[PDB]
Amino acid sequence: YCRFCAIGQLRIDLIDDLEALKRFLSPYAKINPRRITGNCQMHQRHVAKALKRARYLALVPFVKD
Amino acid sequence: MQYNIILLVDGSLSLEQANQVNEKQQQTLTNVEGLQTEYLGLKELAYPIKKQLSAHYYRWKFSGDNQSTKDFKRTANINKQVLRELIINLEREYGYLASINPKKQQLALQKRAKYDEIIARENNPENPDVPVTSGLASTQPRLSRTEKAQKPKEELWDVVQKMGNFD
Amino acid sequence: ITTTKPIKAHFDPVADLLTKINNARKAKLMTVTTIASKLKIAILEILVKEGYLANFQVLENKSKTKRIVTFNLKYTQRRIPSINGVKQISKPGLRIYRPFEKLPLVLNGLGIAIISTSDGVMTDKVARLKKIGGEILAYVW
Amino acid sequence: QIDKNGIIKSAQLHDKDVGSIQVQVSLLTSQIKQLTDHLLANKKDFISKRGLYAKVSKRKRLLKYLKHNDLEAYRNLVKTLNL
RNA sequence: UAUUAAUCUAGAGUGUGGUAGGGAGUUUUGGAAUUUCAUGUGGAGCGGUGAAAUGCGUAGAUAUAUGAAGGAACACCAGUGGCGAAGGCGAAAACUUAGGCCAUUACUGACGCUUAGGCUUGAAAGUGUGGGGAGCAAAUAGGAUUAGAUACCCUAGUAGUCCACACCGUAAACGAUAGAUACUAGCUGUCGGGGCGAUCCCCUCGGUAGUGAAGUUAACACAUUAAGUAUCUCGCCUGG
RNA sequence: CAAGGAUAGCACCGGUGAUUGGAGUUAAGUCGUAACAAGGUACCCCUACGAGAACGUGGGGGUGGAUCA
């Protein structure tokens, strides 16, 4: 199931769109795979890099469970 | 070529001293000027970056330079008055085009159709209404200009035929 | 008309023609396009006359800018091609030539070899009769 | 990045040399210089060095043609084949 | 044709515009925490296997939480994904930049093609050079067990795994499938790009896949990304 | 002048020589079965060491292993 480029902006930073990123997120340091949200390569890049970036800036649990 | 620069500065510093820290950060910033101290609020960090549970968030929006942000990034890192020094460039993946960026208006239409404000249904992204058969549809085939047609007859329609008379 | 699927310089006209011929034989395809040349026009005309190959059409854009030839194989009404094997002889890496007195009849004395000589291009039999020899372009049977 | 348009238009003497030998060899030489700068600033980028050698070879062949066709290529030789 | 005298683009390609890859490198940090030290409490066990034991614990453990330090490597995203020349690329963030995908009668007018020789790179062990070395295992060493363990068990454990340099330059670097080039039923998937339009469906081209036609390997099977078709060049090949 | 005769330095090639690696060969020699089932430990490839030895372990490369949808 494609998620980005339909609810996203094709330009994903942390601010202004963090909720679409957190939709593949939990306070548990995990990202929903393609089996639940089958987003394409660029959308997977978006969610991966941006979510681990929010983890990197101390916005959401980096590894914390 | 634009820099969205996000600075998370120390703990729960008061707004005035946080702004002064930010001003020092431009003073050690060699990128393009025009950036103004925009307070994004005091946001709770997911973890203490060094010891600060919550940090003051700030954003700066302006252009970007090539060999002028590495030094700013590492100086802002070393400058302990600011904890976190994220950069964003103009190019992440999106379009620089007048026929793929204005397709974000179709994305706004998608936002409108995301919630069924009426009894009728136009929800469920990736629901084929099939409104488009046009587009390019062009591999640019080579146009043929006749030079010589050596016996223009060509055989065609080879039916399955054998031993037509068996009676 | 509209001639589709142009081909550029592969490495030579002869191999560009051979690959298309064998692909048409493989996929049971009717008509294929390749490069145009005086030798190619001569051999294609002589193969139309010989019966192994069906007709062909030589096309240009405006000039040497692009010159191609589309060619069809003679097929009975059973998807059976008249071409039972064609082998290129003239090659870049090997320029092959034979005298008029050293040209054989292919198949079982039936196949006709296409031979360009000092003063023209013709068939193997009339090349032997002409008393003039030269390069061979294609063994066709 | 590529450093494409400015170098092309500097080497673009007229509207009749957008893809000529002149602009091609100028692009290869400018890319050799830029790749040397980059790979000195970025050591272990073996992609850059292999591309630099490939461009050196293609520049050598472009120069051998440009001297085979036009005899004025070496009378104003600012692109000598030595690297 | 080898040569010469010119031109035309379509091969090399180049231009334009749109144009993406965990590409490489450079520069940063952030954490799961590993280990150690102090704060402590705890009051006889921890530990390891197929089985125990070896080993660790009463200068106060098992374990626990804080603070501090040093090293290592980055949970998920990870793809019938893309890119990188193979080697490979995944905690994120930036920069230089190779190269890429889409369509260009657009420009030199064959400038082409490869490749013995030649140029560069080349997992890695392991070598020494300077640091820390967090952890562990070649070697080594005890208890097992064994017909015996320096094999399978573990504890102790160095080279090394870490980084800077060379050299080692070999790999299952093998798709045991060379590079450049053009073509061959389809079908069902994906990614990227171009057009379009709530999304979307759709078309175009590639990339990335397959069953299978044809074709091709004895055979196993490949099969539009061939081991199918064909040109130039090279490397490998005749019994154990 | 000369066939030729020479010096000390060197250079090329051959055989030999206390002592000796390696190969094929005796249906009937020593240990254990490593390994061929996922073959008694899954195989290995490159490389370090050691072990009678099958081999065993390190750091990387792979499945030329099964399981399994």
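Because the Cβ atoms are built from the backbone with ideal geometry, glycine has one as well, and the counts that use them run over all protein chains shown. Only the coordinates and a few stated rules stand behind these numbers; no lab work does.
Kirkwood-based Rg over Rh for the stretch B:102-145 (C-alpha set), two decimals?
1.25
Would you please state the base-10 log of I(q)/I(0) at q = 0.14, 0.15 1/Å for the stretch C:24-94, with intensities from the Debye formula using one equal scatterer on every alpha carbon?
-0.48, -0.55
Residues of A:42-55, mean number of Cβ from any other protein chain within 10 Å of their own Cβ, rounded to a whole number?
Partner Cβ neighbours, averaged per residue: 1.
If you fit an axis through the alpha-carbon atoms of helix B:15-27 and take the longest principal axis of the Cα set of chain B, what angle between them do you get, 0 to 90°, nearest 10?
Long axis of B:15-27 versus the principal axis of chain B: about 70 degrees.
Using a 10 Å cut-off on Cβ atoms, rank the peptides A:51-57, B:130-136 from the highest mean neighbour count down.
Descending packing order for the listed peptides: A:51-57, B:130-136.
Taking only Cα atoms of the protein assembly as shown, what ratio of Rg to Rh do you get with Rh as the Kirkwood inverse-distance radius?
On the way: Rg = 34.9 Å, Rh = 30.2 Å.
The Rg/Rh ratio comes out at 1.16.
From the P(r) of chain D, could you give the percentage of C-alpha pairs in the tail past 18 Å?
Every Cα pair in chain D considered, those over 18 Å come to 46 percent.
Using only Cα atoms and rounding to the nearest 10 degrees, what angle (0 to 90) does helix D:21-41 make with the longest principal axis of chain D?
The angle comes out at about 20 degrees.
Under the definition of partner shielding as Cβ atoms of other protein chains within 10 Å of a residue Cβ, what is the mean value for peptide C:55-62? Provide the component values of the computation, followed by the final result.
Values: counts 7, 5, 9, 5, 8, 5, 5, 1.
Neighbouring Cβ atoms belonging to other protein chains average 6 per residue here.
Which longest run of chain D has no exposed loop site in it, a site being trypsin sites (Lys or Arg not before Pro) in a DSSP loop with at most 11 other beta carbons within 10 Å, and the site itself not part of the run?
Values: sites that count: D:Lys4, D:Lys16, D:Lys43, D:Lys44, D:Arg75.
Counting only loop sites that pass the neighbour cut-off, the longest clear stretch is D:45-74.
About the Cα centre of chain B, what is the dipole size in debye to 20, counting +1 per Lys and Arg Cβ and -1 per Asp and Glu Cβ, all else neutral?
It comes to approximately 380 debye.
Under 16 Å from a point 7 Å along the Cα-to-Cβ line of B:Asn127: which residues of the stretch A:3-25 have their amide N that close?
Those under the cut-off are A:7.
Report the Cα-based extents of chain B along its three principal axes, largest first, to the nearest Å.
Ordered largest first, chain B gives principal extents of 106, 54, 29 Å.
With only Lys, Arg, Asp and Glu charged, each at its Cβ (+1 for the first two, -1 for the last two), find how big the charge dipole of chain D is about the Cα centre; round to the nearest 20 debye.
Here the size comes out at about 420 debye.
Just check the stretch B:1-78 against the gyration tensor rule for me: Cα atoms, a ≥ b ≥ c as the square roots of the eigenvalues, rounded for a/c under 1.5, and otherwise prolate or oblate depending on whether a/b exceeds b/c.
Cα axes put the stretch B:1-78 in the prolate bin.
Treating only the Cβ atoms of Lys and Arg (+1) and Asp and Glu (-1) as charged, compute the dipole magnitude of the protein assembly as shown about its Cα centre; round to the nearest 20 debye. Spell out each step's value before the answer.
Numbers: 79 positive and 42 negative charges, 383 e Å.
With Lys and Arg at +1 and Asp and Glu at -1, about 1840 debye.
Compute the longest continuous run of chain B that contains no exposed chymotrypsin sites (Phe, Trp or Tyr not before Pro); treat a site as exposed when its DSSP state is not H, G, I, E or B and it has at most 12 other Cβ atoms within 10 Å.
Segment B:1-95 is the longest.
Can you order the peptides C:93-104, A:4-15 by their average number of other Cβ atoms within 10 Å per residue, highest first?
Those peptides, ordered most packed to least, come out A:4-15, C:93-104.
Select from the stretch B:1-85 those GluC sites (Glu not before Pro) which occupy a DSSP coil region and have at most 12 other Cβ atoms within 10 Å, ordered by residue number.
Hits after loop and neighbour filter: B:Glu33.
Could you work out the pair-distance distribution P(r) of chain A from its alpha-carbon pairs, with 5 angstrom bin width and percents rounded to whole numbers?
Spelled out per bin, shortest first, that is 4, 20, 34, 24, 14, 4, 0.
Using only Cα atoms and rounding to the nearest 10 degrees, what angle (0 to 90) does helix C:13-27 make with the longest principal axis of chain C?
The angle comes out near 70 degrees.
What is the distance in Å between the Cα centres of the stretch B:93-151 and the stretch C:93-141?
Using only Cα atoms, the two centres lie 57 Å from each other.
So what are the radius of gyration and Dmax for the Cα set of chain C, in Å?
15.0, 44
Could you work out the helix-only [θ] at 222 nm for chain A, with each DSSP H run of four or more residues adding -39,500 (n - 2.57) and the total divided by the number of residues, to the nearest 500 deg cm²/dmol?
Values: 2 runs with 21 residues, N = 65.
The helix-only estimate for chain A comes to -9500 deg cm²/dmol at 222 nm.
Once you place label points 7 Å from the Cα toward the Cβ at D:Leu83 and A:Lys30, how far apart are they in nm?
Distance between label points: 5.5 nm.
Do any GluC sites (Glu not before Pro) in the stretch B:97-147 lie in a loop, going by DSSP, with at most 12 other beta-carbon atoms within 10 Å of their beta carbon, and if so which?
Sites meeting the loop and neighbour criteria: B:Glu117, B:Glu126.
Take every residue in peptide A:5-12, count the Cβ atoms of other chains within 10 Å of its Cβ, and give the average of those counts. All intermediate terms of the calculation are to be shown ahead of the outcome.
On the way: counts 6, 7, 5, 3, 3, 9, 10, 3.
Mean shielding by partner chains, rounded to a whole number: 6.
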